[PDB]
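Undergrad: Here's a structure for you.
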Amino acid sequence: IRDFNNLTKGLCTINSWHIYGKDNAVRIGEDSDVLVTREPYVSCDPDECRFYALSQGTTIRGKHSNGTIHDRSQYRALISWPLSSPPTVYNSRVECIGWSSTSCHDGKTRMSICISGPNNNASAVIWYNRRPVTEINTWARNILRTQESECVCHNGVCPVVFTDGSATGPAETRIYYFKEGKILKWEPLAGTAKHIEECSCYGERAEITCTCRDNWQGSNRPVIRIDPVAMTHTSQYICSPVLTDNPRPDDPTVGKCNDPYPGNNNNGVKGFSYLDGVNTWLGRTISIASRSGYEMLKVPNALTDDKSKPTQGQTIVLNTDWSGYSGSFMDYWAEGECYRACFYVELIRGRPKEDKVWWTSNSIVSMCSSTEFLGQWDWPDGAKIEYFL
Amino acid sequence: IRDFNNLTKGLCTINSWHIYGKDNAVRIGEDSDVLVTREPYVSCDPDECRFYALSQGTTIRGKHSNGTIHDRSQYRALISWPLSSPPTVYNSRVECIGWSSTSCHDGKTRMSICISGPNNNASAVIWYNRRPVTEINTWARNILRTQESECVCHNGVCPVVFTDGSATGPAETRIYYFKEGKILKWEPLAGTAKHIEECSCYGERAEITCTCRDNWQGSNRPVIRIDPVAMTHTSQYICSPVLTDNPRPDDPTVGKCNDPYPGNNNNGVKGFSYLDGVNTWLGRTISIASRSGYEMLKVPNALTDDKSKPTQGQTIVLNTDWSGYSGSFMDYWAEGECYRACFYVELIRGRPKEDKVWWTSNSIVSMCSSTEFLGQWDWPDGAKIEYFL
Amino acid sequence: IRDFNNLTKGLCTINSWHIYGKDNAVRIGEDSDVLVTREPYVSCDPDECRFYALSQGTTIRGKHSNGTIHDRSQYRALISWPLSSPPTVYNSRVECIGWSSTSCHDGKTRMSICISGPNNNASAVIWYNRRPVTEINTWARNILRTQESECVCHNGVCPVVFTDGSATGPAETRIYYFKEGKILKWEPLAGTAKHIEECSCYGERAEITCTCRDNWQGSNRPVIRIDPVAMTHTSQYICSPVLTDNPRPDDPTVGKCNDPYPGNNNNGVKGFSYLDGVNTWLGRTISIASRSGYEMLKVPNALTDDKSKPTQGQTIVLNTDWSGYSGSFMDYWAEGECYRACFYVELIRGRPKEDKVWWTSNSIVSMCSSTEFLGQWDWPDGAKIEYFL
Amino acid sequence: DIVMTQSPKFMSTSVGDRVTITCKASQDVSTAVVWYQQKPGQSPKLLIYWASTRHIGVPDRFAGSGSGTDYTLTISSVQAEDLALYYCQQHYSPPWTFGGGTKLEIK
Ligand SMILES: *[C@@H]1O[C@H](CO)[C@@H](O[C@@H]2O[C@H](CO)[C@@H](O[C@@H]3O[C@H](CO)[C@@H](O)[C@H](O[C@H]4O[C@H](CO)[C@@H](O)[C@H](O)[C@@H]4O[C@H]4O[C@H](CO)[C@@H](O)[C@H](O)[C@@H]4O[C@H]4O[C@H](CO)[C@@H](O)[C@H](O)[C@@H]4O)[C@@H]3O)[C@H](O)[C@H]2NC(C)=O)[C@H](O)[C@H]1NC(C)=O
Ligand SMILES: *[C@@H]1O[C@H](CO)[C@@H](O[C@@H]2O[C@H](CO)[C@@H](O[C@@H]3O[C@H](CO)[C@@H](O)[C@H](O[C@H]4O[C@H](CO)[C@@H](O)[C@H](O)[C@@H]4O[C@H]4O[C@H](CO)[C@@H](O)[C@H](O)[C@@H]4O[C@H]4O[C@H](CO)[C@@H](O)[C@H](O)[C@@H]4O)[C@@H]3O)[C@H](O)[C@H]2NC(C)=O)[C@H](O)[C@H]1NC(C)=O
Ligand SMILES: *[C@@H]1O[C@H](CO)[C@@H](O[C@@H]2O[C@H](CO)[C@@H](O[C@@H]3O[C@H](CO)[C@@H](O)[C@H](O[C@H]4O[C@H](CO)[C@@H](O)[C@H](O)[C@@H]4O[C@H]4O[C@H](CO)[C@@H](O)[C@H](O)[C@@H]4O[C@H]4O[C@H](CO)[C@@H](O)[C@H](O)[C@@H]4O)[C@@H]3O)[C@H](O)[C@H]2NC(C)=O)[C@H](O)[C@H]1NC(C)=O
Ligand SMILES: *[C@@H]1O[C@H](CO)[C@@H](O[C@@H]2O[C@H](CO)[C@@H](O)[C@H](O)[C@H]2NC(C)=O)[C@H](O)[C@H]1NC(C)=O
Ligand SMILES: *[C@@H]1O[C@H](CO)[C@@H](O[C@@H]2O[C@H](CO)[C@@H](O)[C@H](O)[C@H]2NC(C)=O)[C@H](O)[C@H]1NC(C)=O
Ligand SMILES: *[C@@H]1O[C@H](CO)[C@@H](O[C@@H]2O[C@H](CO)[C@@H](O)[C@H](O)[C@H]2NC(C)=O)[C@H](O)[C@H]1NC(C)=O
Ligand SMILES: *[C@@H]1O[C@H](CO)[C@@H](O)[C@H](O)[C@H]1NC(C)=O
Ligand SMILES: *[C@@H]1O[C@H](CO)[C@@H](O)[C@H](O)[C@H]1NC(C)=O
Ligand SMILES: *[C@@H]1O[C@H](CO)[C@@H](O)[C@H](O)[C@H]1NC(C)=O
Ligand SMILES: [Ca+2]
Ligand SMILES: [Ca+2]
Ligand SMILES: [Ca+2]
């Protein structure tokens with residue numbers, strides 16, 4: 001718009017899900033100059049919504065796609081392209097160079113942060129209106145990381161959650177408040193959460209909600225709620241027995257609000273949730289051991305009630321199909337009474353599970369929320385690992 | 001424009017046809033990253049006209065083009081691209097995800113509706129200004145379908161005809177009136193028509209005409225005329241003995257206005273007509289059994305007089321060449337006294353008739369109307385199924 | 001902007017370097033329609049920054065890339081494309097035709113000069129607002145050459161340094177002052193420098209600094225400082241013992257301000273420096289014999305003090321990796337107190353050193369300056385000469 | 001190649017009565033079955049196409065039917081002159097394959 005954005009609405013009644021975006025990137029990339037990506041996401045400008053994702057600097061088909069299972073390198077770069085077109089060599093815009101990103105638009109223009117570096121000496125640089133403004137060098141010296149999906153801004157201020165430290169144990173997570181590229185302040189993570197990675201965040205009624213990842217001990221997901229106005233936050237867990245991280249222990253009868261739920265240590269998968277009282281919906285893979293299938297569950301009050309079991313659901317990716325990372329996003333500039341909630345599901349094709357090929361790319365699926373009850377379909381990446389041989 | 005459109009003119013004198021658009025998509029797609037499409041069409045913005053068509057999510061040449069004879073899947077998507085350029089991976093805009101579409105622009109911005117789903121649990125989502133606004137879940141639960149060409153809007157209101165039900169027998173066809181994405185009302189199909197599929201529609205003098213497809217028993221085409229202002233419609237058949245559907249029984253001496261004309265049950269092909277009194281022109285394939293050839297015939301008063309035989313004609317695609325689907329469109333914002341009438345002809349290349357290859361794509365040919373008598377030429381897709389082997 | 005640019009600021013405190021741009025052009029060009037280039041650079045419009053470079057008129061992979069080690073021909077052309085995207089056939093803009101360029105934007109629009117011709121009868125044509133305005137035919141008749149990176153303009157006036165003559169001995173170097181395409185005046189090179197090639201220039205506080213190349217006898221680099229306002233210049237050498245040209249004699253204890261430093265005659269490599277008193281930083285390859293590695297060194301007062309040895313450094317390209325040409329650039333329209341200093345490093349892959357292939361292309365790396373101390377990483381072109389066999 | 005199979009190959013009906021000649025494709029051919037008639041020592045005459053559409057001017061007493069892989073031609077009020085060989089053809093995808101022809105004896 002030509003004015004900062006204020007999250008003035010609340011979420012709309014989430015009664016079912018309608019497909020919003022489909023990539024088909026790996027299927028088309030078997031015969032088009034498509035980029036190998038991973039860690040995908042979706043963010044909207046006032047003007048348009050786009051698929052964002054971390055490039056690997058090669059095409060699926062090019063011989064340099066070999067060994068793209070490695071997450072970080074100097075060939076990675078946050079890139080961006082039209083809603084539902086593949087991430088083609090000829091239509092991707094490079095947003096900045098790095099192997100961890102987050103990107104959001106504040107009403108006036110957008111902030112993109114790409115983190116780069118060796119693991120022991122990494123730096124974040126905060127791009128604003130496509131020029132580097134601020135940079136933040138490492139603080140704990142072992143892999144500074146961030147969101148992996150869009151951030152949310154209220155009146156110029158965008159909280160961005162960063163973790164620096166070990167994924168196996170206590171790490172230094174700090175919440176930074178930027179406004180227009182400059183750091184307005186930062187505080188350290190406070191609350192009952194025990195470890196923070198890859199926070200999926202959305203914003204309503206002047207407040208920001210982030211479902212993150214507990215990599216050390218959590219199988220239930222930790223939640224940070226940030227007051228963008230007062231520049232404070234808190235962190236608790238999702239009480240619900242409906243465990244949503246992956247791999248996970250099987251779901252209990254009663255769960256744990258102020259602590260990690262035991263069972264699968266040193267692992268996770270980025271994930272999201274829509275926490276709105278009765279209108280709460282959660283999403284987990286269907287498999288407890290692997291990233292196969294992805295499903296949405298209405299679990300009224302899952303944040304707060306520690307025996308909330310699901311009342312309505314929706315199958316998104318079939319359990320005989322692969323999934324991966326998920327994250328929240330909304331089109332904050334779309335017309336209406338409220339926020340249409342939406343999310344995305346990375347579809348990881350490649351190594352390690354499908355190691356007949358040596359690349360790891362992924363596809364993207366997006367859905368937004370309908371007040372209706374629309375019927376459901378499953379949405380497969382779709383490629384046959386056998387035509388690339 | 002920055003204002004709704006009102007169909008204030010009438011059609012111009014249609015005396016012959018001048019080529020408006022040529023794709024050559026399959027010929028160029030034998031060595032370019034071209035998309036496999038079908039169900040093509042053409043719609044105009046105030047600003048520009050574009051070729052629209054349902055993508056299959058693969059390039060002609062890529063190994064995932066195999067089995068694109070199947071009409072619906074989760075890899076299909078309404079895409080769009082420049083007038084007469086091929087539907088390339090790098091220049092297609094994805095309008096929405098689904099396997100049945102219709103798209104029109106109301107003077108201010110455009111409406112695109114993509115239908116998706118399993119056959120027994122499908123949903124329509126109505127995109128307006130590139131954001132999902134309304135969605136409509138199925139009503140009869142066996143393949144909800146719609147137009148397959150552009151819709152027409154008068155003062156914000158766009159009637160869109162949908163059928164849900166069996167293509168072999170009575171089905172639930174409803175006319176929906178949208179304005180700006182929201183449903184203003186909908187009524188059920190009323191009149192003497194017996195089944196409705198794929199209505200080709202154009203608009204003049206504040207009224208909307210739709211030549212559709214009778215799939216159950218019709219070999220003559222059923223016609224819906226919709227008052228966009230009063231939000232009502234009626235349906236009768238094309239009286240003329242000049243049968244225009246395909247396959248068809250051979251044309252009679254006298255025909256049938258208020259009923260389907262007997263002979264070829266459970267079949268058709270989407271088709272169009274320009275019904276304007278003396279200035280009526282109809283179009284049918286040249287072959288009665290197959291989709292080969294396409295020709296235009298001036299048949300004065302074909303809607304109403306049931307012995308109207310053609311007085312002037314024009315060969316568009318040669319009978320030794322393939323055709324396919326046709327549909328109407330006009331550039332409602334073009335300058336002048338009247339509406340230049342135009343249409344398109346899908347050129348289906350591939351399976352099942354040319355099964356030496358396993359893909360089904362198509363090319364597009366467009367023509368608009370000249371007051372002149374311009375001489376004629378035939379317009380072949382042009383590719384040799386033998387260079388893809 | 002819609003107004004000429006005045007260099008009103010000074011450089012910012014240069015304390016470390018943050019990556020600004022990465023191409024990965026050769027890696028992606030092993031399976032995308034990428035152009036073979038060399039002599040790359042980066043210039044900014046008010047609006048955006050772009051990678052510029054001299055095309056060779058072929059793709060890496062096409063059979064006409066063979067013998068692109070030759071510098072000049074009629075297939076070369078100054079081309080331009082998005083920050084950090086590869087120089088693709090489908091996204092390059094041809095700026096003009098020739099084998100030596102320089103390009104800069106004066107606040108209002110941009111000047112591009114491409115030099116062309118046989119070596120004994122060459123001509124420069126100065127394009128302004130994408131139309132040829134002025135042209136300058138040769139003066140010494142043996143290869144008229146120029147900058148190879150962006151020029152700098154103050155209030156309409158852009159000094160551009162040209163050399164015409166022998167690279168082995170005295171040559172006719174003239175400084176031209178253009179304003180809007182027309183020549184405002186030109187003077188001949190004056191000062192203690194002995195030969196001038198490929199001047200890297202940046203601008204601050206109404207003055208223009210150019211670190212050039214001494215091809216005849218210099219291993220220390222000659223520096224031209226041009227008053228854009230008064231239309232005068234002077235030339236001295238970089239006093240510092242920290243020799244920065246390549247190949248070079250090993251660095252001494254005491255150096256030479258007003259003369260070339262002896263040791264390696266008839267050779268160099270285009271290079272740059274940021275001369276700002278204590279805040280001076282220089283850059284040289286790491287190897288004295290070859291273009292491998294590239295590193296930045298803080299050498300306080302290196303212009304003037306002839307025993308200045310480095311106090312802080314930063315490794316940019318590893319000595320086990322290839323480098324090539326470097327040049328300065330800044331985003332003169334970026335917001336703030338000062339000029340963020342930046343540079344680029346051409347990464348030459350191909351013949352002659354890697355002659356297993358017959359092409360010579362290159363990649364590009366860009367970095368800008370941080371006031372912070374950000375940690376360092378090395379940035380390899382990245383391709384494996386073995387996958388092109 | 002889609003194989004069309006006819007059995008039996010000889011059939012006998014009385015005058016004024018009915019006969020049903022079965023034809024059978026070896027995969028779903030989507031009603032794209034043509035029936036020709038070859039009157040003893042003459043050309044074939046295209047009788048019906050798309051399983052039931054009569055060509056120009058064959059009398060409505062020739063009725064065809066079918067789905068999938070099973071089609072049939074019925075002749076009612078069998079004239080002494082319907083004695084001929086009846087042939088099904090497939091008209092869906094190349095090459096156009098025929099059935100063996102069934103001979104109709106009049107009883
Ligand atoms: C047209 O479309 C509509 C709309 O989509 C269709 O209706 C929808 O259809 C859905 C399927 O019928 C239905 O969802 C279901 O809703 C119930 C509530 O009534 C919900 O409990 C279901 O979720 C459980 O079951 C699914 C599989 O069906 C599991 O994948 C899911 O994880 C849930 O079970 C697991 O978690 C529960 C909570 O802890 C446990 O109680 C349960 O034991 C189970 O746990 C095991 O597995 C876990 C992982 O798989 C593991 O971690 C754990 O440890 C345990 O081992 C399901 O979502 C929608 O509500 C319904 N909506 C509407 C409006 O009707 C309609 O059918 C379609 N029509 C046609 C003709 O097709
Ligand atoms: C330069 O260009 C100009 C402009 O194009 C040329 O002049 C034009 O040329 C056209 C061809 O000469 C001419 O069209 C014809 O117009 C007559 C009216 O005068 C019209 O009847 C013709 O249409 C019938 O014939 C064509 C084949 O020629 C058929 O394809 C068409 O379907 C029409 O016949 C079928 O339908 C009729 C209506 O029911 C039936 O009466 C008829 O029996 C037939 O039916 C059978 O076949 C059907 C399917 O094919 C089947 O369904 C049915 O069951 C039956 O079995 C034809 O359109 C233009 O009028 C003329 N225009 C002008 C301004 O001159 C000019 O020659 C060019 N000059 C040069 C030097 O080349
Ligand atoms: C996280 O990142 C930070 C930030 O990058 C890291 O700290 C930085 O790390 C740098 C490496 O430790 C350090 O740079 C060094 O700084 C010293 C000054 O204290 C400087 O002298 C060094 O430069 C010389 O040495 C390098 C190799 O280390 C040479 O490549 C360079 O050319 C310099 O030596 C050559 O030139 C000198 C000047 O004439 C001569 O005195 C010397 O003899 C030598 O000459 C020979 O070789 C030449 C070509 O190679 C040849 O031409 C000549 O003829 C001779 O034969 C070096 O730059 C940064 O200052 C430091 N910055 C900060 C803020 O700490 C930190 O370590 C990282 N942390 C982790 C955990 O990894
Ligand atoms: C690139 O892919 C190739 C095959 O496409 C990989 O090949 C293997 O390389 C290892 C050595 O690192 C050998 O032990 C295997 O036997 C090789 N197999 C084949 C089929 O050659 C290769 O490792 C990949 N990585 C790199 C860095 O080249
Ligand atoms: C994809 O195309 C191939 C050939 O390009 C198809 O191949 C046939 O597959 C069937 C089994 O479904 C075999 O009985 C045929 O003999 C195969 N022929 C050849 C030449 O291999 C294949 O069916 C197509 N579809 C899929 C889903 O792979
Ligand atoms: C183009 O590349 C080819 C190989 O890709 C070069 O081939 C050599 O050409 C010279 C003659 O000029 C022969 O003596 C060598 O034996 C050739 N080698 C091969 C492998 O054929 C060729 O020189 C390059 N240049 C041109 C102008 O064709
Ligand atoms: C945004 O929010 C702040 C605090 O709620 C308010 O004072 C400001 O005027 C609002 N501006 C806009 C553009 O909504
Ligand atoms: C459009 O049509 C309506 C009804 O005919 C009329 O009242 C309105 O003013 C017209 N607006 C435009 C832009 O033509
Ligand atoms: C630019 O500089 C000149 C001389 O310093 C000054 O007179 C002129 O007004 C300035 N214009 C702008 C746009 O800064
Ligand atoms: Ca965990
Ligand atoms: Ca029909
Ligand atoms: Ca030298």
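Naming scheme: A, B, ... for chains in displayed order of the structure tokens; residues 1 onward per chain; ligands 1 onward as shown.
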Neighbours of residue 42 in chain D within 12 Å (only C-alpha atoms; same-chain residues fewer than 4 positions away dropped), as an MDAnalysis selection string?
TA: chainID D and resid 36:38 84:85
Undergrad: Produce a table with one row for each residue of chain B that has an atom at most 9 Å from any atom of chain D, each row naming the nearest atom pair and its distance in Å at one decimal; use only C-alpha atoms; arrange rows by chain and rising residue number; format as CSV.
TA:
residue,atom,partner,partner_atom,distance
B:247,CA,D:50,CA,8.1
B:248,CA,D:53,CA,7.9
B:249,CA,D:53,CA,6.3
B:250,CA,D:56,CA,6.4
B:263,CA,D:53,CA,5.6
B:264,CA,D:53,CA,5.8
B:265,CA,D:52,CA,8.4
B:289,CA,D:49,CA,7.6
B:351,CA,D:93,CA,8.2
B:352,CA,D:93,CA,5.8
B:353,CA,D:93,CA,4.8
B:354,CA,D:93,CA,7.2
B:355,CA,D:93,CA,6.9
B:356,CA,D:94,CA,9.0
Undergrad: Counting only C-alpha atoms and all ligand atoms, what residues are within 6 Å of ligand 11, given as a ChimeraX atom specification?
TA: /B:214-219,264-268
Undergrad: Just to be explicit: take each residue in the selection above, keep N, CA, C and O atoms, and write the result as a compact mmCIF listing (two decimals), in the first residue's frame.
TA:
# COMPACT_ATOMS: atom_id res chain seq x y z
N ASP B 214 -25.33 -30.37 -25.94
CA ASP B 214 -26.16 -31.43 -25.47
C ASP B 214 -25.52 -32.78 -25.80
O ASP B 214 -25.33 -33.41 -26.91
N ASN B 215 -25.19 -33.19 -24.57
CA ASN B 215 -24.42 -34.40 -24.42
C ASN B 215 -25.27 -35.60 -24.35
O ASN B 215 -24.88 -36.60 -24.93
N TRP B 216 -26.47 -35.49 -23.82
CA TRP B 216 -27.35 -36.66 -23.69
C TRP B 216 -27.90 -37.13 -25.02
O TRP B 216 -27.61 -38.25 -25.41
N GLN B 217 -28.70 -36.29 -25.70
CA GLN B 217 -29.32 -36.63 -26.98
C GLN B 217 -29.05 -35.67 -28.16
O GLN B 217 -29.21 -35.99 -29.34
N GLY B 218 -28.54 -34.47 -27.88
CA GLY B 218 -28.42 -33.43 -28.90
C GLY B 218 -27.16 -33.50 -29.77
O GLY B 218 -25.99 -33.95 -29.37
N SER B 219 -27.73 -33.29 -30.97
CA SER B 219 -26.99 -33.09 -32.21
C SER B 219 -27.28 -31.68 -32.74
O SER B 219 -26.53 -31.13 -33.55
N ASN B 264 -27.54 -38.98 -32.30
CA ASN B 264 -26.31 -39.37 -31.60
C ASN B 264 -26.30 -38.93 -30.16
O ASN B 264 -26.08 -37.79 -29.71
N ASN B 265 -26.58 -40.00 -29.45
CA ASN B 265 -26.63 -39.93 -28.01
C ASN B 265 -25.25 -40.16 -27.38
O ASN B 265 -24.39 -40.85 -27.93
N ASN B 266 -25.11 -39.52 -26.21
CA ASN B 266 -23.98 -39.48 -25.28
C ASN B 266 -22.61 -39.14 -25.89
O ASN B 266 -21.58 -39.81 -25.80
N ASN B 267 -22.65 -37.88 -26.37
CA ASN B 267 -21.62 -37.19 -27.15
C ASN B 267 -22.06 -35.82 -27.69
O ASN B 267 -23.27 -35.42 -28.03
N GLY B 268 -20.89 -35.18 -27.86
CA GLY B 268 -20.74 -33.82 -28.36
C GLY B 268 -19.30 -33.31 -28.55
O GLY B 268 -18.36 -34.07 -28.74
Undergrad: Using only C-alpha atoms and all ligand atoms, which residues have at least one atom no more than 12 Å from ligand 7? Output them as a list in words.
TA: residues 1, 2, 3, 4, 5, 6, 7, 8, 9, 106, 107, 108, 153, 154, 155, 156, 157, 205, 206, 207, 227, 228, 229 and 230 of chain A
Undergrad: Please check which protein, DNA or RNA residues sit within 10 Å of ligand 4, counting only C-alpha atoms and all ligand atoms, and write them as number ranges by chain.
TA: A: 63-68, 356-359; C: 384, 386-387
Undergrad: Mind giving me the straight-line distance from CA of residue 123 in chain A to CA of residue 16 in chain C in Å, one decimal?
TA: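 Interatomic distance here is 11.3 Å.
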Undergrad: For chain A against chain C, which residues fall within 8 Å using only C-alpha atoms, given as a list in words?
TA: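 Every residue meeting the condition is included here: residues 33, 57, 58, 59, 61, 62, 63, 64, 74, 75, 89, 90, 92, 93, 94, 96, 97, 117, 118, 121, 122, 123, 125, 131, 132, 135, 136, 137 and 138 of chain A.
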Undergrad: Would you write out those residues with C-alpha atoms, as an mmCIF file, in the first residue's frame?
TA:
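File produced: out_31.cif:
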data_model
loop_
_atom_site.group_PDB
_atom_site.id
_atom_site.type_symbol
_atom_site.label_atom_id
_atom_site.label_comp_id
_atom_site.auth_asym_id
_atom_site.auth_seq_id
_atom_site.Cartn_x
_atom_site.Cartn_y
_atom_site.Cartn_z
ATOM 1 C CA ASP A 33 15.403 -25.189 -16.791
ATOM 2 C CA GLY A 57 22.358 -22.893 -7.784
ATOM 3 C CA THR A 58 21.708 -25.554 -10.357
ATOM 4 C CA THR A 59 18.895 -27.082 -12.427
ATOM 5 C CA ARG A 61 18.714 -31.876 -14.560
ATOM 6 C CA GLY A 62 22.130 -30.143 -14.563
ATOM 7 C CA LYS A 63 25.043 -32.299 -13.310
ATOM 8 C CA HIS A 64 25.613 -29.869 -10.358
ATOM 9 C CA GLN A 74 27.790 -20.728 -0.996
ATOM 10 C CA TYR A 75 25.492 -21.653 -3.871
ATOM 11 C CA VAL A 89 16.233 -19.992 -14.232
ATOM 12 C CA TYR A 90 14.578 -17.252 -16.356
ATOM 13 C CA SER A 92 13.475 -16.213 -10.560
ATOM 14 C CA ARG A 93 14.405 -13.063 -8.763
ATOM 15 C CA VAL A 94 17.309 -13.346 -6.338
ATOM 16 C CA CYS A 96 19.729 -12.041 -1.339
ATOM 17 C CA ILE A 97 22.509 -14.547 -0.817
ATOM 18 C CA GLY A 117 28.644 -18.063 6.534
ATOM 19 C CA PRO A 118 30.620 -20.986 7.809
ATOM 20 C CA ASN A 121 31.389 -17.479 11.893
ATOM 21 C CA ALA A 122 28.097 -16.728 10.143
ATOM 22 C CA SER A 123 26.351 -13.287 9.495
ATOM 23 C CA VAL A 125 22.197 -9.209 6.463
ATOM 24 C CA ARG A 131 19.438 -2.781 -0.534
ATOM 25 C CA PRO A 132 21.454 -4.088 2.444
ATOM 26 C CA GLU A 135 23.805 -6.958 9.266
ATOM 27 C CA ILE A 136 24.185 -8.961 12.517
ATOM 28 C CA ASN A 137 27.258 -11.189 12.959
ATOM 29 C CA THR A 138 26.976 -14.505 14.948
#
Undergrad: Which residues, written as a VMD selection string, have at least one atom at most 8 Å from residue 10 in chain B, with only C-alpha atoms counted and residues fewer than 6 positions away on the same chain left out?
TA: chain B and resid 204 to 205 338 to 339
Undergrad: Could you write out the selected residues, including N, CA and C atoms, as a PDB file, in the first residue's frame?
TA:
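Saved result, out-v8.pdb, follows:
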ATOM      1  N   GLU B 204     -24.338  -8.822 -26.379  1.00  0.00           N
ATOM      2  CA  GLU B 204     -24.689  -7.614 -27.148  1.00  0.00           C
ATOM      3  C   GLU B 204     -26.066  -7.150 -26.718  1.00  0.00           C
ATOM      4  N   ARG B 205     -26.124  -5.821 -26.780  1.00  0.00           N
ATOM      5  CA  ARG B 205     -27.318  -5.065 -26.498  1.00  0.00           C
ATOM      6  C   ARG B 205     -27.868  -5.548 -25.180  1.00  0.00           C
ATOM      7  N   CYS B 338     -19.435  -1.106 -33.298  1.00  0.00           N
ATOM      8  CA  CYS B 338     -19.955  -2.396 -32.901  1.00  0.00           C
ATOM      9  C   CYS B 338     -18.902  -3.409 -32.471  1.00  0.00           C
ATOM     10  N   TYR B 339     -19.465  -4.566 -32.135  1.00  0.00           N
ATOM     11  CA  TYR B 339     -18.735  -5.706 -31.675  1.00  0.00           C
ATOM     12  C   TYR B 339     -18.251  -6.506 -32.832  1.00  0.00           C
TER      13      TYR B 339
END
Undergrad: Calculate how many Å separate atom 45 (O, counted along the ligand's line) of ligand 3 from CA of residue 223 in chain C, rounding to one decimal.
TA: 22.3 Å
Undergrad: Which residues are near ligand 2 in this structure, taking near to mean any atom at most 10 Å from a ligand atom and counting only C-alpha atoms and all ligand atoms? Format them as a PyMOL selection string.
TA: (chain B and resi 15-17+240-254+283-289+293-299+307-316+318-319+372-378) or (chain D and resi 55-56)
Undergrad: Skipping near chain neighbours, those fewer than 6 positions away, what residues fall within 7 Å of range 269-282 of chain A using only C-alpha atoms, listed as number ranges by chain?
TA: A: 13-14, 198, 200, 211-213, 245-246, 296-303, 325-328
Undergrad: Contacts of residue 90 in chain D at 8 Å or less, counting only C-alpha atoms, minus same-chain residues fewer than 3 places along, as a JSON list (two decimals) with C-alpha atoms, in the first residue's frame?
TA:
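The new file out_34.json reads:
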[["chain", "number", "residue", "atom", "x", "y", "z"],
["D", 2, "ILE", "CA", -7.62, -53.33, -31.49],
["D", 4, "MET", "CA", -12.65, -56.95, -33.40],
["D", 25, "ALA", "CA", -13.51, -55.30, -29.60],
["D", 29, "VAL", "CA", -13.46, -48.55, -27.88],
["D", 32, "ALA", "CA", -16.60, -46.06, -31.96],
["D", 33, "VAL", "CA", -17.83, -49.12, -33.85],
["D", 34, "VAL", "CA", -19.03, -48.85, -37.48],
["D", 93, "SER", "CA", -7.68, -45.26, -32.98],
["D", 96, "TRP", "CA", -9.00, -49.39, -38.46],
["D", 97, "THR", "CA", -9.55, -53.06, -37.79],
["D", 98, "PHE", "CA", -12.55, -55.08, -38.96]]
Undergrad: Quick check, in Å to one decimal: how far apart do CA of residue 225 in chain B and CA of residue 172 in chain B lie?
TA: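 So the answer is 17.9 Å.
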Undergrad: Enumerate the residues of range 15-232 of chain B with a DSSP assignment of helix (DSSP H, G or I), computed from the backbone, and present them as a ChimeraX atom specification.
TA: /B:25-28,63-65
Undergrad: Show me, as number ranges by chain, the residues that have an atom within 12 Å of residue 104 in chain C when counting only C-alpha atoms, minus same-chain residues fewer than 2 positions from it.
TA: C: 5, 41-46, 49-50, 52, 95, 101-102, 106-113, 126-129, 147-154, 156-160, 178-181, 201-203, 329-332
